[PDB]
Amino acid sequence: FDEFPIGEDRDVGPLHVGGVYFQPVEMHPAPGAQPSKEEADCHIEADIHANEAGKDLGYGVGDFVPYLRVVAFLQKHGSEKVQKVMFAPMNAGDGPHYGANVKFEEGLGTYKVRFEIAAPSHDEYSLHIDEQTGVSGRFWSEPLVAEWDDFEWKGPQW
């Protein structure tokens, strides 16, 4: 399946973050309130793996980082409207990622695309912190941001 880049990959805190988009997909079960394959303009995927700093949190470097809460914000240049898109964790043929089928509500054009990545919720994940088996790192409190100021929505490339 052809993947198209959103922009340059980012390294933010303990995460390596990439963004791609491609034709809308059919997901099972259909996640949250996302548009159907027919209603969507495309599928946007956030590829999140631990980088070297991720090692202090106990992640294997280069591995997928689960239990995160990822939200994308889309804002067309010259517009005050901002779309807020909740990403969901899911598997495609090339493994897990956070993604969503999305509509570019203000049409064709240039958009600021921002991914805000929050650490797992308090009751959803833990870290060993004892000396013997523990980690020296901790999760981030303020959400990490990977953003692209000039993404071009030029319509389906399929």
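Take the two forms, superpose them, and find the largest set of C-alpha atoms that agree within 1.5 Å; that set is the rigid core. A residue's number is simply how far along the shown sequence it sits, counting from 1.
request  = After fitting on the rigid core, pick out whichever of 64-72 or 128-136 shows the bigger RMS C-alpha deviation in 5 other deposited structures of this protein.
outcome  = Greater root mean square C-alpha distance in 5 other deposited structures of this protein: 128-136.
inquiry  = Take the CA temperature factors straight from the PDB entry and tell me which of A33, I129, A118, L108 peaks.
reply    = Max CA B-factor in the entry, restricted to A33, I129, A118, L108: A33.
Record-listed C-alpha B factor of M86: chain third = Answer is highest: the recorded C-alpha B-factor places it there.
Ranked C-alpha temperature factor of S141 among modelled chain residues, by third = It falls in the top third of the chain.
key: For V102, the third of its chain into which the C-alpha B factor falls   = Ranked within chain, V102 CA B lands in the lowest tercile.
request  = Quick one: classify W153 as lowest, middle or highest third of the chain based on its Cα B-factor.
outcome  = Lowest third.
query = Is the Cα B-factor recorded for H28 in the lowest, middle or highest third of its chain?
reply = Within its chain, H28 is a highest-third residue by C-alpha B-factor, going by the deposited values.
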